[PDB]
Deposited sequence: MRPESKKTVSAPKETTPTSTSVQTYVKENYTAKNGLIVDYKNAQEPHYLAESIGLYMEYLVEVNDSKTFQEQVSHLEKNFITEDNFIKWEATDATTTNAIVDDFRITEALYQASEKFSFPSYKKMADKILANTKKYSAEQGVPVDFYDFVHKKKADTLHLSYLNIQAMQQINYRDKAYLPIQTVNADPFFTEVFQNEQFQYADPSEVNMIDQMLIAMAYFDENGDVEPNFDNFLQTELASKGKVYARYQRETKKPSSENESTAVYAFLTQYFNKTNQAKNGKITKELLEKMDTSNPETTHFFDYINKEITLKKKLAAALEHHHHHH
């Protein structure tokens, strides 16, 4: 059970992850030398995504093995973190992992990755949903579904791969931003995640899902992004909803990675150049203070797509 060994485009990230973000059992940690370490399905899925992008079948399969031995239950759920006490998935992490497996099945000519993703994703659609509409998680020990959907958990590409019913998309089809998205869908209504603050990582993920499903940007959020960049040359990590002022002047690496993706998806090439330079400016080189999420989304986004001299 191993794909043909491929020649990666680069090995430096793999070497850096092995040296700085890997615990003794081989699992990827959120911070190096953390007092409270977390071995997240999010992290292994992002690493899997990166490894497909850089054509590294050997390291990809090593990750699939860690996934099978530490995250996947006997009924084919993916624990959102690798502890015995974890009793839930997180649909956003299932979507990411199954998407990576589908892409790897093609990239590495290995059909069993596709069949593995089929099995996991069908199970996610079946159990982490209320009447066909996704919810954040299913507790597979207590056999209870979440009663919330956070829109930042939506992965439109993954949901189309497993043919969610049309009604599953009603939340992202009908959400408004003013200028921020209501992050939570519960009891067929929208609410904000926090009484006063928005997290721009979550806001960017909603904006990208909005564009992916609806084919156009939400113009209130898009205008906020444009006016922040024009007036400040930055987009901050968190904002106060009442004032629209930043909670602090802290910036977020992941926010600039997702802004770069968003501007390139929505035909905003000048803005995408601006946020690419902001992403390069962020320092992800301290593994004790750089969450793996920030480190690896910068690496993925700077590698995602010959043409310097002429087209």
According to the record, which stretches of the deposited sequence lack C-alpha coordinates? 1-9, 315-320
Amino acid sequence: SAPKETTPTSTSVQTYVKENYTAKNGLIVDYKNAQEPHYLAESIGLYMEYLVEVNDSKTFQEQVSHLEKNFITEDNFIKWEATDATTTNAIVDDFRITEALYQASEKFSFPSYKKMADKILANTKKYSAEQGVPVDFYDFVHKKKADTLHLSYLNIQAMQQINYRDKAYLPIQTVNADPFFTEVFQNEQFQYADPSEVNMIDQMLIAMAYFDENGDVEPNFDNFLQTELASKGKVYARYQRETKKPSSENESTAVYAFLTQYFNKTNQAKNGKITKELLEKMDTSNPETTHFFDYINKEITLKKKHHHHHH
From here on, numbers count along this sequence of modelled residues.
Of 236-244 vs 153-161, the stretch with the larger average CA B-factor in the entry is 236-244
If you average the CA temperature factors over each stretch, which comes out higher, 189-197 or 208-216? 189-197
From 274, 34, 28, 51, which pick has the Cα B-factor that tops the rest in the entry? 34
Deposited CA B-factor, highest of 136, 139, 99, 166: 166
Entry-reported C-alpha B-factor of residue 106 relative to its chain, by third, is middle
Taking the values exactly as deposited, rank residue 73 by C-alpha B-factor within its chain and report the matching third: lowest, middle or highest. middle
Lowest, middle or highest third: which one holds residue 290 when the chain's residues are ordered by CA B-factor from the entry? lowest
Where does residue 42 sit by CA temperature factor within its chain: lowest, middle or highest third? lowest
Going by the recorded CA B-factors, say which third of the chain residue 177 sits in, lowest, middle or highest. lowest
